[PDB]
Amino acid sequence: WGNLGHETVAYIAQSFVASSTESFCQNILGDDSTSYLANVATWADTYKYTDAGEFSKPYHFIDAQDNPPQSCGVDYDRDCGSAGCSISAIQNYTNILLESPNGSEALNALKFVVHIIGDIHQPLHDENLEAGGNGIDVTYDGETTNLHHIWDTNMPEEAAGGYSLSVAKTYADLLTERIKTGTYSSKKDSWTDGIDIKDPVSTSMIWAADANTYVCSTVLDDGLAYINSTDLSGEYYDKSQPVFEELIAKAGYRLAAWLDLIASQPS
């Protein structure tokens, strides 16, 4: 996702974490504001453009070598690659936070976890085809862009009504309501099935496989004849919106559950 998507995920997570988890995270981050997670949720996307952070570019993706829309699937050993991926990064940075939460690596580990759990939920962050749809040029509200970009940015910004941190906070409030009492309330109790702090690869792969199913059902199901030739701000956006909204919600809810496990101690 772009910045709005990441900040939205982070604000949702803030709404679900336990107080002890909040305190654990605020201490690591040096920030006890009511935007403590949201304020770091875009860091990985700036860091990757620097010489020191170049190595972390592949950590935003798992390039699933499936055959969408006919068939979708993610396989860790097949898809991660030698340079690492979102799944291997979740394992690395989660383990840093379990083993050395007071060390010098915890800060960036936590910022990575907050970001990357968001990215795992962007279906085209879990898809090899045309570099996750970057190579699929499209038209969106008259502008030339690509399919990856509209999932990261154009569509969630349109739905949220903007791109800023405050717009993200308002959007997060909306989606949080959907989880607690609204649209998602009767299904969110299954959204952490399979979660296991002792197995970050298994856990994150469940989430990645879930998001990747939407590459076939939603992202590419209209077929490339339609996608290449139709302005995607109309009916395409209409069908995409419930999907990216539920995935952003899932990302925040799952992020919060994961942070709770990271911070947890038996009293």
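Numbers for residues come from their place in the sequence shown, where the first is 1.
Of the two segments, 200-208 and 234-242, the one listed with the higher mean B-factor is 234-242 (C-alpha atoms only). The question of which stretch, 6-14 or 19-27, has the higher mean Cα B factor is settled in favour of 19-27.
Annotation for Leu147, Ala168, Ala106, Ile116: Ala106 ranks highest, by Cα B-factor.
Ranking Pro123, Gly81, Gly133, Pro156 by the C-alpha B-factor listed in the PDB entry places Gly81 at the top. In the deposited entry, the Cα temperature factor of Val215 sits in the bottom third of values across the chain's modelled residues.
Per the PDB record, residue ranking by Cα B-factor puts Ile62 in the lowest third of the chain. Annotation for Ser88: C-alpha temperature factor in the middle third relative to the rest of the modelled chain, per the entry.
In the deposited entry, the Cα temperature factor of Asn128 places it in the middle third of its chain's modelled residues. Split the chain's modelled residues into thirds by C-alpha temperature factor. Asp75 is in the highest one.
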